[PDB]
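**Q** A structural model of the following input is requested.
(2 chains, ligands or ions: 1)
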Amino acid sequence: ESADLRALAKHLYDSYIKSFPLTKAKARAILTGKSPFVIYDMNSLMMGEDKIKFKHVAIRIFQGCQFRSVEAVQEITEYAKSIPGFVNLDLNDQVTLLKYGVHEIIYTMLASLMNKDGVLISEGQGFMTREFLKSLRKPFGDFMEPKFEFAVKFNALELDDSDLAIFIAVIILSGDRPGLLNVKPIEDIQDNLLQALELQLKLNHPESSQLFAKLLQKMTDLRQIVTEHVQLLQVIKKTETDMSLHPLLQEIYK
Amino acid sequence: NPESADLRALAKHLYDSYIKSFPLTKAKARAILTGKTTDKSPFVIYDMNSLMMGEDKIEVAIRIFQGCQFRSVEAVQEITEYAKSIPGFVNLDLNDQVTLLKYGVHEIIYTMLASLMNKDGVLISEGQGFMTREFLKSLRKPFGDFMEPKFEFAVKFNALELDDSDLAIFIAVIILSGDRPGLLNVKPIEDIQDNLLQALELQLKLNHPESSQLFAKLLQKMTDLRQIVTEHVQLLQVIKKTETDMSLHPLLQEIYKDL
Ligand SMILES: O=C(O)COc1cccc([C@H]2OC(=O)C(O)=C2c2ccc(Br)cc2)c1
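**A** Numbers count the residues shown, from 1 in each chain, chains lettered A, B, ... in the order given. Dropping the coordinates below:
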């Protein structure tokens, strides 16, 4: 029966490449060796915007992160709709799985762009450092540090795009999202996704023992930082006197 | 097969210490919850009257919470005894044995508490009593919602149909976690958890053969345990600042100390 598990592994990987432009393999090449722009202080921030083409002082960084998250949701939605059985679910269930899922996949693939010294920005064309992300006014000065502590641990598992492709699918098909209407089949697809993930990590990582069990424990983490960032997204709602400009622009970021 | 036999010896050793460390197991709790015995029948507490009459074995809202933390201290004592029997735990650094226990005990307590709970209430007083879920939820604020997260997780967790032999290994995996803040020597802990995870995977393969992917579905429940600890922690901070005379316990207040 593992013939179908190997089929599903490459089907999800091929769709992973089409839905996501900047893959982990191409981000690892940029982080080590061609070079992009480096934003390390306040001068290189303004210097960046000139020759980088952004699409939007301390709030300009956060608003750009929400612009990138909106583009990410579209890539995650298109990728999820290619998972076998996803589009054949209840349309309300598909909306719910994506609603409570995109935040966890955003940080999983964000780690693919992070090391211990910074993160890539604007499709690998730039690079914001770690210390510059702790030198902003509150509460911006400490909303990326939990995500850097997580990216260090998660990337230590040292997975590739084919492992991540299956791992992304399992997070979307989580059958415990509040408000589901047909919890059965969602757990059915996630059951075969977990089999394909268990098989994938054995054939690609034969030396690392219980990489499948250690990967599932990172989900326990993942949600703890998603629910922590959610409660931080309402500190920006109540603080800063510059987080409400064009009303049509507020509707996009929901 | 010779290496899988080494994992069976580990599984039987953990189950042996489990029986010897926790007096009330899930096997005995299910014999009490389901009314199949004429001798292990509990006195049900459902209102104020059944409370004062069942006082032979056990402010109302405060008195209920005092006994909850009294049993929590009883639980930590049993968890520490069982952790010492896990192979390698006592061989680690003494600072790490305290940190693995500091963040691990509550995730263990809510796991085994689910063995004493059905959808209608919780076993209390060593199985002699049974406090209803409605009465626990009918307590005044902020105590009227102190138990619903525990109950909602139990009916979800008990669906896995795990017995004490599977629970023994899953308890050991939670204690020997490398993801806990303050671990000085992380790698020697990850080696022990790797051995416990191999034993748990084989245990569920043999004890639950028809149940597919029970190993992955069980490891996902650790995400539920974290949110209960965080919601619990948030709730004590409100009680500490409202009931100013409400005093804790050396075992509990030092676990919540900058958790
Ligand atoms: O004392 C009162 O009137 C109300 O407080 C009570 C009432 C009943 C039982 C107890 C405690 O004693 C025990 O043996 C026991 O397990 C207690 C207990 C406390 C909280 C939860 Br949850 C489960 C059990 C305290």
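**Q** mind listing what the residue nearest to residue A:20 when sequence neighbours are not counted touches?
**A** Spatial nearest neighbour of residue A:20, excluding adjacent residues (C-beta to C-beta, 6 or more residues apart in numbering or on different chains): residue A:75 at 5.5 Å. All C-beta spots, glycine's among them, are computed from the backbone N, C-alpha and C. Contacts for residue A:75 (C-beta atoms under 8 Å, 6 or more residues apart in numbering or on different chains) come out as A:19, A:20, A:21.
**Q** measure residue A:75 to residue A:29 for me?
**A** Residue A:75 is 20 Å from residue A:29, where distance means C-beta to C-beta, to the nearest Å.
**Q** One more: residue A:80?
**A** With C-beta to C-beta as the criterion, residue A:80 and residue A:29 are 27 Å apart.
**Q** More neighbours: which of those two?
**A** Neighbour count, other C-beta atoms under 10 Å in any protein chain shown: between residue A:80 and residue A:29, residue A:80 has more, with 23 against 12.
**Q** For chain B, see how far away that one is.
**A** According to C-beta to the nearest C-beta, to the nearest Å, residue A:80 and chain B sit 19 Å apart.
**Q** residues touching that residue, list them.
**A** Residues in contact with residue A:80 (C-beta under 8 Å, 6+ apart) are A:86, A:94, A:97, A:98, A:101, A:169, A:172.
**Q** among those residues, who's most crowded?
**A** Most neighbours among those, by other C-beta under 10 Å: residue A:169, with 27 neighbours.
**Q** count of residues packed around the residue nearest to residue A:235 when sequence neighbours are not counted?
**A** Once flanking residues are discounted, residue A:235 sits nearest to residue A:139: 5.0 Å by C-beta to C-beta, 6+ apart. Neighbours of residue A:139 under the rule other C-beta under 10 Å: 13.
**Q** My read is that residue A:139 contacts residue A:237, right?
**A** No: in terms of C-beta atoms under 8 Å, residue A:139 does not count as a neighbour of residue A:237; the distance is 11.1 Å.
**Q** Now the nearest residue to residue A:239 once chain neighbours are set aside: phi and psi?
**A** For residue A:239, ignoring the flanking residues on the chain, the nearest one in space by C-beta to C-beta, 6+ apart is residue A:139 at 6.6 Å. Per-residue torsions, residue A:139: phi -90, psi 10 (degrees, to the nearest 10).
**Q** dump the residue contacts of residue A:139.
**A** Counted by C-beta under 8 Å, 6+ apart, residue A:139 has contacts A:232, A:235, A:236, A:239.
**Q** Any idea how many residues pack against the residue in the stretch 51-200 of chain A positioned nearest to the ligand?
**A** Per C-beta to the nearest ligand atom, the residue of the stretch 51-200 of chain A with the smallest distance to the ligand is residue A:176, at 24.2 Å. The number of residues packed near residue A:176 is 14, by other C-beta under 10 Å.
**Q** buried stuff in the host helix or strand of residue A:68?
**A** According to DSSP states H and E, residue A:68 maps onto helix A:58-80. Buried residues in helix A:58-80, counted by 16 or more other C-beta atoms under 10 Å in any protein chain shown: A:61, A:62, A:64, A:72, A:73, A:75, A:76, A:77, A:79, A:80.
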